[PDB]
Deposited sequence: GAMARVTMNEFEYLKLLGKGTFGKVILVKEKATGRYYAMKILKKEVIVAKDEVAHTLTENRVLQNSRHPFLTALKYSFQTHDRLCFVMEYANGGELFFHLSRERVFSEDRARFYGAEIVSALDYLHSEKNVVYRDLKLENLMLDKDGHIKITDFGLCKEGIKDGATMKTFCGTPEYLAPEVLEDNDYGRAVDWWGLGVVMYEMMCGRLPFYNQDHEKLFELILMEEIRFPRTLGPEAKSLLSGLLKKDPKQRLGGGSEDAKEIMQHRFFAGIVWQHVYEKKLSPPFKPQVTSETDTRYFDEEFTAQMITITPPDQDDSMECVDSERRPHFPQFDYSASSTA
């Protein structure tokens, strides 16, 4: 059985509305993790109960090279804890905020790993991810992609079945999600088009701080590219950012397989992608187990952490928070 006392709390990696992620050491083993700690009372107040449970469920039910692995999830009277593998390289958002643009080769590597994982989710797990963005893409010690945050996932979506929840991130929303008239798994390829456009072009494909103006652009404005972008990347992003999901690269029965076969990925051996046989073009340059240079100072320089059967409305006992991954 796992409690909070089993960990030493080292560095704050990030902080938000619902809680925090702390770099931790498991006392018994000496292993390092990222522990996401959420307040139950804030979860309930903001109606995030069902999404928390989905995060938990998808984490426990997934095993893939480019999906964040969960070691433990447990709970206290007022907290929910997910002990995840520590992705040393931080968010792709961290990197892109600084380098501004990635090379096409580097974006191809990241795109190939994102597709491999979304392919796995759609095909093996009948899951749609729905929140693809730079914040949810992390790099591991070797420079490989880790997708995080599965709370907006949709389970039990086979082939062409549809979803109706209006959700995601405003900047990244697919036109059919904004149309609010049912959507399929191809919303993930829109998201893929957005993040790859950001990597190769240095900006969002559509932006405006006023959401009403933002949503207008995503719905109405044809996709444009910086004129330095090469022809095979222009071809990929145009296909992914087709506003009609039936026209979208990946929008048909073949799904990811359509994207995998596009000329932009021409010499990608998709099995080698799965097997991590492709060498990452950037290896995180950390100097110790606790080096957090790829996390904002705003967090890392701060301070960290601030009844076993209580089941109340403000602090519910959550099911399936008794998890420890089998070896």
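Missing from the model relative to the deposited sequence are positions 1-4, 311-318, 340-341 (no C-alpha coordinates, numbering from 1).
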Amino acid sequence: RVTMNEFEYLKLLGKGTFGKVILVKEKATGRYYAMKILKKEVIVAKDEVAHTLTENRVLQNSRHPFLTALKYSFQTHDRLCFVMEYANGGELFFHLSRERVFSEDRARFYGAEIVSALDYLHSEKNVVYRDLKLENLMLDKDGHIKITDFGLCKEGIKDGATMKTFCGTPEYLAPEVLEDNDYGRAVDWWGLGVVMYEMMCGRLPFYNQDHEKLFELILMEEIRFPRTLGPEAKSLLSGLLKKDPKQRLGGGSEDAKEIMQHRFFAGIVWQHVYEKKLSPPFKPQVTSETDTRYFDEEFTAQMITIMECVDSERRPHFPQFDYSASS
From here on, numbers count along this sequence of modelled residues.
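Modelled in this chain, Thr17 is likewise built in all the other compared entries whose models extend past it on both sides, so a third of them omitting it does not occur. Across the other PDB entries of this protein whose models span the neighbouring residues, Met303 is modelled without exception, so it is unmodelled in far fewer than a third. Taking only CA atoms, the mean B-factor in the PDB entry is higher for 297-305 than for the other of 297-305 and 56-64. The mean C-alpha temperature factor is higher for 206-214 when 133-141 and 206-214 are set side by side. Between the residues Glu232, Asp119, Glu198, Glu171, it is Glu232 that shows the highest Cα B-factor in the PDB record. Reading the B-factor column for the CA atoms of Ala34, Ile37, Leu70, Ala266 in the entry, the top value corresponds to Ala266. For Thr148, the recorded CA temperature factor ranks within the lowest third of the chain's modelled residues. Compared with the other modelled residues of the chain, the Cα B-factor recorded for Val310 ranks in the highest third. Per-chain ranking of the deposited C-alpha B factor places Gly160 in the highest third. Among all modelled residues in this chain, the alpha-carbon of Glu289 has a temperature factor (C-alpha) in the highest third.
When the modelled residues of the chain are ordered by their C-alpha B factor, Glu8 lands in the lowest third.
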